[PDB]
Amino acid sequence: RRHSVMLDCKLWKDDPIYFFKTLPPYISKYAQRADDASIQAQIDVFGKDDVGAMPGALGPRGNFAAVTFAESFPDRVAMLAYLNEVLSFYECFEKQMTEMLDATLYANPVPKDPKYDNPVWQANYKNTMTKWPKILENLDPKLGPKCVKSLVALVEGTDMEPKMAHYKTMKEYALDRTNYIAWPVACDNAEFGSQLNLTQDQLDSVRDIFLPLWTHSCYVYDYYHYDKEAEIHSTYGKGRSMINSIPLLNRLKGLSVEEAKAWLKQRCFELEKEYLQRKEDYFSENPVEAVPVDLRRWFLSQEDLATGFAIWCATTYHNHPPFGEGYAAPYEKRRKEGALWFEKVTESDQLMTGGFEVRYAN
């Protein structure tokens, strides 16, 4: 039973851009805290006069964290919005993050936009990547470290670029792509936000139920991020193979880009149906009234992750115009409402002026 979340407003029902037919997206009651924490992250990296230099988690139909971790406690929803805003800057500060996690990058570095070789932004990123893990591990000493070790395990993970020309099935592609978009971290975040007490055995017991939803999320990300990935690969370097299901679908099935997008959309409808089948089989073998409460909450968290990511990918400034500039209007509207932000990430030991909220407003 949901304790911190509501159904998104019919900004999704029968909308063709939304790749679910049954599952509804949900949003935190504390979405404003999510957006405030994202603004704070933006200032902590770029500075208050360059908010939106790179688009992160914000979106017209809800913050990434506000919809994907909709059932999280308010402090934790702010924490997750901040950290995911900072992680959206990976493709600009890869080196600074590998150095700040003290992790060796065995994959070749992703293409870097030259407009982000700003040493003051790289230093700010290093300071931010020092601060947020201590605040995270202090909010939850048990689940907090899980996220950073999963982040380190992803940074030292397999490289997908040499594999793109050799995948023989979309299934293998997707099983690598989940890691590329850091869904281990997304699921650690979901467990952290709802403060769930789950054993490794329980998570393992339902990993196969949830696999279709993770595959769904990779396909929907590919669908809506292809255009920016194609503009990145058409300008700074083709010596890198594009990591996306769409070129692979061209190679394996002879599909144009439009036909590949249609394939992805229908595949995610099928994947919703498949997850629903697997879930009903699980809950008939283990009836819902006798399943531990935290496992039922975990089902809620996974459905939130999938539906929120789907509605976010179709609308967010991370994949659609006006990209970073879409940050300017909400920012100014929270500035006029009197919300106060730290100008430097070193100014305070806390995430935000109000701790996890903001001061002088809401």
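Position 1 is the first residue in the sequence shown; the rest follow in order.
Per-stretch averaging of Cα B factors for 150 to 158 and 232 to 240 places 232 to 240 on top.
Taking only CA atoms, the mean B-factor in the PDB entry is higher for 95 to 103 than for the other of 95 to 103 and 223 to 231. In the deposited coordinates, the residue among 278, 251, 112, 265 with the greatest CA B-factor is 112. As recorded in the PDB entry, 54 shows the highest C-alpha B-factor of the residues 54, 300, 311, 27. Among the modelled residues of its chain, residue 64 has a C-alpha B-factor that falls in the lowest third according to the deposited record.
In the deposited entry, the Cα temperature factor of residue 142 sits in the top third of values across the chain's modelled residues. Among the modelled residues of the chain, residue 318 sits in the middle third by CA temperature factor in this PDB entry. Residue 42: CA B factor in the middle third of modelled residues in this chain (values from the PDB entry). Among the modelled residues of its chain, residue 14 has a C-alpha B-factor that falls in the lowest third according to the deposited record.
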